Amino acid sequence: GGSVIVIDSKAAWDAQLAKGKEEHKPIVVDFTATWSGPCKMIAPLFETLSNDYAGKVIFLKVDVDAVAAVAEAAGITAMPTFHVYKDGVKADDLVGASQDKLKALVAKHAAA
């Protein structure tokens, strides 16, 4: 129950990145896997933050095994990974399930 946009394909990924560019809003992405406990531990927080920052920050989810072409091009190797995209390109990242660092990352880019 939040505002996260699920990415199903490279085409969908490219469209969302272009939307963030056109809107001048930052995108935060959770690259996640069903088999990762840490991903499960932080997924509820990602969803809550998508509500708290609705209208300000765009939240995407990429299941790395469902959309392997996007995970590979993004250079993912540990789960969860969070990226921030601005102007169609990567601007920031976090790897791991630190709730404090995720909250701070979203706050930073919402305030920038």
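Start at 1 and count along the sequence shown; that's the residue number.
In this entry, the higher average B-factor at the C-alpha atoms falls on 40-48, of the pair 40-48 and 25-33. In the deposited entry, the Cα temperature factor of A71 sits in the middle third of values across the chain's modelled residues. Per the deposited record, the Cα B-factor of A54 falls in the highest third when ranked against the other modelled residues of its chain.
Placement of the Cα temperature factor of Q16 within the chain: lowest third of the modelled residues, per the deposited record. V89 sits in the lowest third of its chain by CA B factor, as recorded in the PDB entry.
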